[PDB]
Structures are given as structure tokens and as C-alpha cells.
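pasting the first bit of my complex, frame unchanged:
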Amino acid sequence: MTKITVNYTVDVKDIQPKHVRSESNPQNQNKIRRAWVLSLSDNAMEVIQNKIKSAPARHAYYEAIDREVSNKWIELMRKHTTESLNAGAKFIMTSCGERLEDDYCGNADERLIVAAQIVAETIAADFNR
Amino acid sequence: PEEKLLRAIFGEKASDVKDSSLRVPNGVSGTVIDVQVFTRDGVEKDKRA
Amino acid sequence: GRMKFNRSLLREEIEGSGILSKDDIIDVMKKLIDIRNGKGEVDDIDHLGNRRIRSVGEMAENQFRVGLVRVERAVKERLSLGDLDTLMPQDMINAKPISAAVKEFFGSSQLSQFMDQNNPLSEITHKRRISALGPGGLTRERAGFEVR
Amino acid sequence: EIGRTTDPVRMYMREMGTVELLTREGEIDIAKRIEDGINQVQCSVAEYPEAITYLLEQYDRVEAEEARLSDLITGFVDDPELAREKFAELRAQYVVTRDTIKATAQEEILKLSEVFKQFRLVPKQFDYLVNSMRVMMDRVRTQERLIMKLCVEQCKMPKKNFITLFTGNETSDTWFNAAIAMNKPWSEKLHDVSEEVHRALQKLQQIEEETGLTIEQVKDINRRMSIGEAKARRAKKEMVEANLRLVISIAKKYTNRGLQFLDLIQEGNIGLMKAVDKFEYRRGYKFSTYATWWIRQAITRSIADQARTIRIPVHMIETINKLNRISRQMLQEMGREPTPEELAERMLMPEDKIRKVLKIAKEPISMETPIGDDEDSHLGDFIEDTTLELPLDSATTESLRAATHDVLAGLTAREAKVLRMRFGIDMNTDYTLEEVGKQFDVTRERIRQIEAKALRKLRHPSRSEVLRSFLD
């Protein structure tokens, strides 16, 4: 049987470069993939390798992981905006549109890493079965 | 259908050969001063040649 | 080309090998450097001394040389593909490429024109005409006021 | 290389530069490993009975004179007598091996594989045996993957546990009870899908019965097969990659004569692969010599097909080439021109066929070429549309239709009605005489008499004058 999956949770160095792309003008995505990669240990590496026996199947599985981490990141940012509005933050009109006040703002990177870690724990739970 | 009706009426039938004679282009006139006939070797000559 | 080459480098020679030598290249560099220093003088590309007239004979000879080059390729292929011993050489020379290319030059070319034949003066002018266009000359993408 | 290049020719040369040329004995060594691979796959087919049964069926068909002898076998490693003797002893070995199924069996299998070692068969029959064994692999893996899908998606268990427990017999109820023995929840869940799994196991056993061998031996033999064609394909690809330079050198001679060089080398590579599939060193010749003719044939085929804008048959292309060569010969001999009479004399071909062939040998020209040697107008700007009816003729047709309709209106009811469907006047359909008669409930000479009466009535110089103008 297969019940071994240790998540490499919580690190200050989980926010140190995730924005790295091999190429110019970094944008969203390719930080999501790094986010859910660094959230899993090499034990999870080997577990994913052994559990799924097909390259297209693992490919689709990684796409599903990307999709779910993106969805949870989106919902976490939505709830953060909601609680900021409930905490007294308003919408500041900049030349990009609405934002929140700096004292009420954090950053998207830590939200993404938290979402990736929670999804990593979810995948571990699905893999310890 | 109208052409078929007319050929049935007049008793005429389609010609086996179509006219392709060289006409003088409209707008020009004049006298035929010279006629050249070139028939390749191995092909029967005609009277004019 | 050789006589102009020696003329612009101020040599008493007016003849020599067509292919360049290292000395000629070095002389060209020295002359260009002297002009850069202001000692030399530039030469117009519009002076009739720098523009040469290829009459009918020279153009025909150049095109015939091109035909000889392609038939040379054919001959060199044949000399190894064909017999390396006695075989009659008329069977290995091809008249089609040379004649076809010569006919292409004389018949269908930028500088082979129907003689404008409505006056004796027209014929004389056409035969005396000098064209800056054609193969190896100037395209109409010009003006380019200098040459005009 | 990475040199801001946009020419496939350049980096094709880069690709061919990586592989180093071979020597004469290098080709022999590569063909030797190819022969080892093909002998391995032949032994794998040998251990498979059904392909041999199919081969014997075709041998029997040939003996019945229903198939060509040269479409089954080509040469042997020491003719109808040799083929008959080898197939007779081969049938004997096959039956003596099959009897051991339905120590000794291993010896019979070894002797069987040995007696196939003499056979050298046509590539088509060998490819058929390979495809049959491949579809055996496909069906075996399909049954295994069906069991996979059922046990995994219906019982919610990981793919890792299945491999250890199921493998070893794979066609019995032992693993069912073995997995149940641990009282696992998925073992209990398997009891609701056990019927489908058992039915699939029954189909697997039926497949084994069809093969006549246990499924484990099927896997062993097919894995030996797979490694066999893997080695063979690797060696063949090595040969093809190492011999690209010959293709490039041969094609560059044909490039000066029109057609893209890249297409020529691609076709030459196709011919090179064909030669590699057909190459042998038992002949004793050099591989380059054999591949040269194949590449030349491929290049000639490419020039015949993909270089002519209009299709010209290969034999017609060869006739054109012969005509051109003889024309050049006569031109350089007589020194004046190729006269059609001598061209007719040299060929068996009359001369009118010669001139029509000469017309065919020329390729179509673009309209984008300027008419008059670089006038800013193109050739296609002058081509008249001959498929368009002139408005003069369209107006004439309209007036004729109006006149015919008026004239038919000038006749009686039934006569005009018969005429309308007889010739298809003013409807988009035409009807035969008997078809009109059936609707007029009169199927006799009467309908044609009515038509003739209408014609005779139209003969009068009161209804024909209006139609007289149209036909002069």
C-alpha cells in the first residue's frame, strides 16, 4: 500500500523567486506552477511518479492541480478583499482602476503560496488513501 | 428547350463543324497585298500554298 | 578592370592578372586611408571615365561565357560519369544550353528591343541608344537624381 | 545553427553534419545487427502458432495454384521444390509442437524456430505476420487495461496494488480470494462488479484458447518481438541517418535541372529507407551501390510527378526523355536542327504522336509573368472568360423564350400542353412522349399524332415567321 506523502509546508523561501520566468516581461502563471511544485517534497515527486503510469495522465493531473490552485487562490483573494472591505478598507481609484488601501493590502504572492500549500495538503490526503 | 423546339419545327439540325473563319477586326479596312502560307513538312499542301 | 585598378592607384601598369593580389588589396586600403586623411580625392560614379559602355559584342560574349560555364559543369560531370578512355567528344558536348541561353539573350531581354522602325532617324537613334538599365545596370528604382 | 537563419536547407546540413560517414565494413556491421534483429523477430513469430497457420494456409493456396509463388517467399538460407520440402517439414514441426500443448515442448519449440530460420519471405508477408502479432499484443493489453479500468474506477483502488496481486496467473480466481483474504473495503466493493470482471476474464481465456498458448508465454514472446523490432528500427534509422549525405550529393546533381532541392532530398530519403528495408549483405554488394538506383528511381518519380504542373505518366516522361536525348543526338550529328522525319524514324512512334508528346512535354506558364518583357501588365489580365454567355446571346435567348411562349399560347390547349412537357418548355423538367401520354391517359399513336398535328400547324407561314429570324 501507499501511505507516504509529506508536504513541504510553510517557508519564507516559498516567496523568494516564484516570479522567475526564463523570458522577458513576467506575467501571471508559471508562478502558479512553481507555487504548487515547491509546496510538495521530493517524496511527493516519487509518489506522483509511481501512482500515475501515463505521461498524458500525469500531464492532465498537473493541469488539474494548476486549475484547483488557481481557483483557490482566486477565492482567497476574493475573501481577502471582502474582509478588507469589512475591516474599513475602501476602493482607491488609481490609473489601473480599483485597489485597496496599502495598510489593508498584502500581496498576491503569499496568497498564492498559501493556496498552493492547502492544495498540497489536499493532494497528500488524496495520496495517503 | 426552345432551341430543340425550333430545330424540330424547321427540320434543321446542329452543324458538325463550327465557323472559325478569320474576320477583319472592325474599324480597319484596306487591300490584301500579300498572302503567306506556311504548312509544315509532312503535312499535305493546299492549292494556295 | 585592371587598367582602371592601376589608374586609380597611380601605377604605370595598364595590364595584369584579372584576379586580385594581396598587394592590390593593400594598395586599396592605403589609398582609402589617405583619402580619409584628406590626401586623396574621391571619384565620381557619374564621370564618364568611371562608366563604361558594353556594346552588343561585349554583352553577347559575356552571355556566351555564362553558357560556356554551364556547359563546362555538364562536361566536368560527364568526364567522370562517362568513359575515362576513348570516346568521341561530339557525343559529350551539349548544344542545347548554349544555344538556348544565347537565344534567350538576343530575343527576350531588357536590352533586346524591337527596332523602332518608322523613320531612318528612329533606327539610327535606336542603334545609337545608350541604356543605363538592363542586367548589371540600374533598376528603375532610382531618382537617384545623380545618374538622371 | 543559431545564426538568425530561416532556411531549412542550412539546418538540414547541420543535422546531417552530426552523423559521421560510414566505411564499407561499417555498413556490413550495421546490416549484421539488422539481421540479428530480424532473426529475433522471426523467432518471435516462430513461437506464435497462428501466424504460422496463416502462412501454411497461403502455402496451401499456392499449391492449389490460387496465389503467386513470388508473393510469399524470396530466397532461402541453406524454387518450388525447396519451398515444398521446407513447408512440409515446417508443417510437421508445427503439428509436433502443437501436439505437446493440447522439456520435450521446449525442444520442439527450439527445432521449430530453427526450421523457420531457413525461411526468407516477401516483405509483405513478413509485415502481415508482424501486424498479426502486434494486434495480438493490442488485444492482450486491451483485456488487461479493461480489467485495470474496471478494478480501479469501480472499486476505488490505486494502480500500484494491482500489478503485484494480479500478475502471475492473471486468468484464475486465486487473486480474487487472495485480495479478499485481507478483508479490505475495496475487496468487498469488488463483489458488485465481479460479474463484468469475470466475463472479461472469460474473454481473455477464449483469446488464449484461440492462440493455443498460455497468456504468460504470449507476453514473453511478444516482449521478445517488441525488443526485436525496436533493435531493428534503431539500426535502420542509424543507417538512414548515416546515409543522408549520399542522398544530398545525388540530388544536388538534379537541382540544376529544375525542381526544389529539398523535395528531391526528401524523396531520396524515402527511397533510401526503402533500400534499407530491402538491403542485404548476403548478396555481397556494397550498400551504396544498391541505394543509388533506389534514390535515382525516387528522384525520377519526384521529377515526373511534383515538378510537372500538369500530370504526366512516368512512362510518358521516360518517352519524353528518350525523345529529347535522340533529338540532341540528331541535332549534334546533322548540325542543323532535329527534323521530325528522323525523329519518326528513330522511334516506333508515328510522328503525330511525336508532335503531341512534344506539346505535352512543355509546362504551363504563370499569368503573373508580364506580357511584352516586363510591361507592368500581366498575362492573365488579357485572358477572356469563354465560359460566360454573351449578353447579346442572353437577350436573344430571352426574346426567343418570349416568342415561343407567345406562339404556344397561339395554339390550342392540348397541343401547346403536349409541346410544353415534350421539350421542357417553361418548366425546369423535360418529359418523354410516353410520360406525357400517361398523364394524358392516352398511350397510343394518338399522342405522337397530336405532336405531329402541332408541328404541321406550326409549319404555316404565320407562326414560323416569328421564329424564322432566330435560325438563319
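Now that the structure is in, tell me what you want to look at. Numbering: from 1, shown residues only, chains lettered A, B, ... in the order given.

Residue C:88 and chain A: what is the separation?
Separation of residue C:88 from chain A (CB to the nearest CB, to the nearest Å) stands at 67 Å. For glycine as for every other residue, the C-beta is placed from the backbone atoms N, C-alpha and C.

What separation do you get for residue D:104 and residue C:59?
92 Å (CB to CB, to the nearest Å).

And for residue D:4?
38 Å.

And the two? Which one has more around it.
Comparing residue D:4 with residue C:59 by other CB atoms under 10 Å in any protein chain shown, the one with more neighbours is residue C:59, at 18 against 4.

which residues does residue 32 contact?
Let's take chain A. A:66, A:69, A:70, A:73, A:112, A:116 (CB atoms under 8 Å, 6 or more residues apart in numbering or on different chains).

Chain D, not that one
residue D:281.

now it: how far from residue D:39?
For residue D:32, the distance to residue D:39 - CB to CB - is 10 Å.

ok, how many other residues are close to residue 100?
All of this refers to chain A. Neighbours of residue A:100 (other CB under 10 Å): 17.

looking at chain D here, not the other one
Residue D:100 has 13 nearby residues by other CB under 10 Å.

Ok, residue D:362 next?
If we define neighbours as other CB under 10 Å, then residue D:362 has 9 of them.

Next: the one 10 residues further on.
The burial metric for residue D:372, expressed as a neighbour count using other CB under 10 Å, is 9.

Can you list phi and psi of it for me?
The phi/psi pair for residue D:372 (degrees, to the nearest 10) reads phi 90, psi 30.

so how far is chain B from it?
20 Å.

where's that residue relative to chain A, distance?
Computed as CB to the nearest CB, the residue D:372 to chain A distance reads 53 Å.

And the residue of the stretch 251-400 of chain D closest to chain B?
residue D:400 (5.0 Å; CB to the nearest CB).

with the structure above as the base, add chain E:
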Amino acid sequence: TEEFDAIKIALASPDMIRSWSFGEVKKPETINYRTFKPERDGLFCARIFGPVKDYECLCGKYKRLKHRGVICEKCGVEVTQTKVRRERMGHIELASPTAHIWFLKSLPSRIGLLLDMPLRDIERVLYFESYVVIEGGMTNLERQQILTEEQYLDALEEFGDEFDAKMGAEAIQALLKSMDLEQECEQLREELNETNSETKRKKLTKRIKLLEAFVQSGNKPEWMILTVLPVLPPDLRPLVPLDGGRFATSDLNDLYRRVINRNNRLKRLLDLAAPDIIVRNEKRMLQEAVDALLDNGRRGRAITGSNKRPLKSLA
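With chain E added, the chains above now look like this:
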């Protein structure tokens, strides 16, 4: 007789390209030389584009105006009006997906800017100079990055059956498949409300504007990579007889002949499991031919035999 208030221009989908097509052009054949009846199923085909002469099947079966609402089922050829041959389009099923040159070498490269990826990289990937990762896995390899031959080999050796990377237009199309527009739009909208950095906000604004515009266009980015190539009606690329050995033929006809030849050769090579070098070469063939057909002149010109002149292209 036709009423329409506006004209829409958009990305043609392979399905609607097949919708335009009446038949698949499978052969580069044109005519029977001596008999000028078009071949089947060549660039000129009555079975696909309609009959040559007015209202008669090109088999000698039906010659009348009566047989016009029913097509000839006794042979491939159909029977309609000849003007239909001026409007029916065809389609060619490309064995390998091919990139559209217009979306590539325009000064703003729509493929380049949609992938936010510089032009040299697309040129090298498409022309088979280097590999690109079409999604990775748990590797140290980014979702998108170009790799050379030895780098790709080292990645493959270091990382096993987790590494999805291809080369050329197939890889580009896979990348466009793996990219989702609406989800990225939502992500950018969330990030903009949270981010306060000037440069980050500018990047987010530019990308959100681009993606929202693309979504409003209602186009799928994968459509930029041509899977099926439409072919123009034959009448718009006419082949008309002319006296002597000369005949007027369209440069489009020769270009499509080259495209069909290279596509069929690619199909044959794939069926024969040809070595990777040869199949890459033939995909290069197909890409170059398609680029010349769409726009000959941005790829180092294409000339034909027996005629030294840049071939006319659709652009």
C-alpha cells in the same frame, strides 16, 4: 438582393473551415494533360468544387437542365451550375499543425504578444532550431522555456516520464491549448485590486486589456495555428488552355501543389515511422510552403521551375 448591415472578421476555426469546404483535396493532380478534364481528387475537381461545363455531370451521365436539383450518385462528380465552381472552397487536412505566417512575422506578432514571448524564440521553435516545454511537472523547468538539443536531452535524462516538450508548430499549438483566457482574466482582475506596485500594476493592466480584448473577439488562440488549410475555388486560380506548349497556370496552383506534395510526403513518412531528422525536415517543408502560400516574401522568396520570378501569394 443581398442585405447585410456589417462585415465581421475573425479567426477561422477548423470546424468552420471544413464547413466551407465541399471536399478534401487529397492529390496534387490537376488534369489529364491530353484530356483537360480535371483529376480526382486534385486541385481542380468536379467531385469537390463542382462541374466544369453548365449543368452536366463530368462523367457523361447527365447532360440536361432537368438534372440540377439532384447530384450524380452514380459517380463522384456532382451536377450543378458552373458558377458554383467560382464559390466552392476546399480544405486540406494537414498532417502536422502549421503556424500562420501573418500571425508570426507582423511587426506586432500576435502569437508573440499573446504568449508574451519574443519573436526570435518563436522563429527558432517553429523552424525546429530548439525545443520548448509544453508544460512540465514537478521539475525545475518552467511551464514555458526554450531548450536546445543538449539541454532538452539533459532534461529528459534527468526528468523521466513527467516531461512534456515538443518542437515546432505542434508545440506552439499545445501551448495555446494549455493557455486559458477567462481564468487568467479573473486572476488579473483579482491581482489588480490587491497589487500596489507601479510596474506590477502596469503589467497586469496590459495583460488584462489584451486578454479581455481577445475574449471579446470570441476567438480561440489555438486557431492561430492552422490545422486544416482552406483552398481557394479553382475559378479564382484559373487554369486556361493556351496555344502551343504554353498554358496559363496560377502561381497559387503551383504553391498548393507544393503544399499538397509536402503534406502527403509527411503523411507517408509518419506512416513509415521515419527518423526524427527526416520528419522534422518535412515539417519544415510544410511550414515553409504554407508560409510562402499565405505570404511569399517574408521567408527568403519562393521561385518555380522554368520561371524566375517570385510566386504570387494570397497576401
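
since we added chain E, can you redo the neighbour count of residue D:362?
14.

So which residues make contact with stretch D:214-230?
D:37-38, D:40-41, D:43-45, D:47-48, D:130, D:133, D:136-137, D:140, D:170-171, D:204, D:207-208, D:211, D:213.

mind listing which of these are in helices?
With DSSP state H as the criterion, helices contain D:37-38, D:40-41, D:43-45, D:47, D:130, D:133, D:136-137, D:140, D:204, D:207-208, D:211 from among the contacts of stretch D:214-230.

all helices for the stretch 51-200 of chain E, in order.
Applying DSSP state H, counting those that start in this stretch to the stretch 51-200 of chain E gives helices spanning E:102-105, E:110-114, E:119-126, E:149-158, E:169-178, E:181-194, E:198-217.

From the centroid of chain C, which residue is nearest?
Centroid check for chain C by CA atoms, centre = their mean gives residue C:62 as the closest residue, at 6.0 Å.

Tell me the spacing between residue E:225 and residue E:12.
12 Å.

Comparing the two, which residue is more hemmed in?
Comparing residue E:225 with residue E:12 by other CB under 10 Å, the one with more neighbours is residue E:225, at 24 against 16.

Give the bridge partners for that one, please.
Beta-bridge partners for residue E:225, by DSSP bridges, are residue E:99.

does it really touch residue E:96, like I thought?
No - applying CB atoms under 8 Å as the test, residue E:225 and residue E:96 come out as separate, 10.1 Å apart.

so what's in contact with those two at the same time?
residue E:169.

burial count for the closest residue to residue D:435 other than its chain neighbours?
Nearest residue to residue D:435, sequence neighbours excluded (CB to CB, 6 or more residues apart in numbering or on different chains): residue D:421, at 7.3 Å. Residue D:421 has 18 neighbouring residues, counting by other CB under 10 Å.

put chain F on too:
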Amino acid sequence: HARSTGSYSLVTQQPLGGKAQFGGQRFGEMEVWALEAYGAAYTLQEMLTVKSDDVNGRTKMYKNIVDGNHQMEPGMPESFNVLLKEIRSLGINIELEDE
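Chain F goes in next, on the same frame as the chains above:
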């Protein structure tokens, strides 16, 4: 050179060709601008569709003039249909949409 009927073209329907009777006179973009400068609309439409490229409209006009009637079918010039088909020949969708 003067024509009212004669040589049309294959790829387009612009009337031109023939050393016996030539085509019409090129009503280029300059003349289209000249008509647009006035309130010249119907004359421009005649220049564009009826007499230039609309084969159906051209035939209908000839029949109407012979019959003694002066009106036109706007139709669509065959050149524009050629343009649509040729744009569709690329990987580009172009369509005609109603309101």
C-alpha cells in the same frame, strides 16, 4: 476604343482584353474620388456594380435597356465576392451579417 459588351476576365469580371475590341476605360480610384466629391452616388454605383463586375446586374441592365427601362439591381460586384473567398482562403474568417 469603345465597348458596351465584350471581353471580361477570368479571375475578376473587370472588362478588358482583345486587340480587336479592347476593354473599357479604367475608372480608377481617382475617378471614384471625383464622383464621391459630388453627390454622385447612383453614377458611382453604375461605375462599380452594373457595368463593372456584377455579372447578374450587368445582364439585367442590358435586358432592361434593350426592353426600354432604366433601373438597376445593386447586387454585389463579383470582385468583392472574390475578395471574400480569397480572405477565407487564409486562416481568416470574413462574413456578411444582417442587422
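
quick recheck of the neighbour count of residue D:421 now chain F is there?
Neighbour tally, residue D:421, other CB under 10 Å: 18.

what's the helix or strand for it?
Element membership for residue D:421 (DSSP states H and E) is helix D:413-423.

Can you mark which positions in the helix or strand just after that helix are buried?
Next helix or strand after helix D:413-423 toward the C-terminus (DSSP H and E): helix D:433-439. By neighbour count on 16 or more other CB atoms under 10 Å in any protein chain shown, the buried set for helix D:433-439 is D:436, D:437.

And helix D:433-439, how far out from the chain middle?
Relative to the centre of its chain, helix D:433-439 is centred 51 Å away, using CA atoms, centre = their mean, to the nearest Å.

just checking, what packs against that helix?
With contacts taken as 3 or more CB pairs under 8 Å, 6 or more residues apart in numbering or on different chains; DSSP states H and E, helix D:433-439 sits against helix D:413-423, helix D:445-458.

helices or strands next to the last one in the packing?
Right, helix D:445-458. helix B:2-10, helix D:413-423, helix D:433-439.

buried stuff in it?
D:447, D:450, D:451, D:454, D:458.

Spit out the contact partners of the residue nearest to the centre of chain C.
residue C:54.

Let's check: the centremost residue of chain A is which one?
Note: chain A centre (CA atoms, centre = their mean) maps to residue A:116, 3.0 Å.

Same check on chain D?
residue D:124 (13.7 Å).

just to revisit the earlier point, work out for me the element the residue nearest to the centre of chain C sits within.
With DSSP H and E as the criterion, the answer for residue C:62 is helix C:56-81.

Give me every residue in the stretch 151-300 of chain E lying close to chain F.
E:223-224, E:226, E:229-233, E:235-238, E:240, E:294 (CB under 8 Å from any CB of the partner chain).

I'd like the distance between the residue nearest to the centre of chain C and residue C:105.
In terms of CB to CB, residue C:62 sits 9 Å off from residue C:105.
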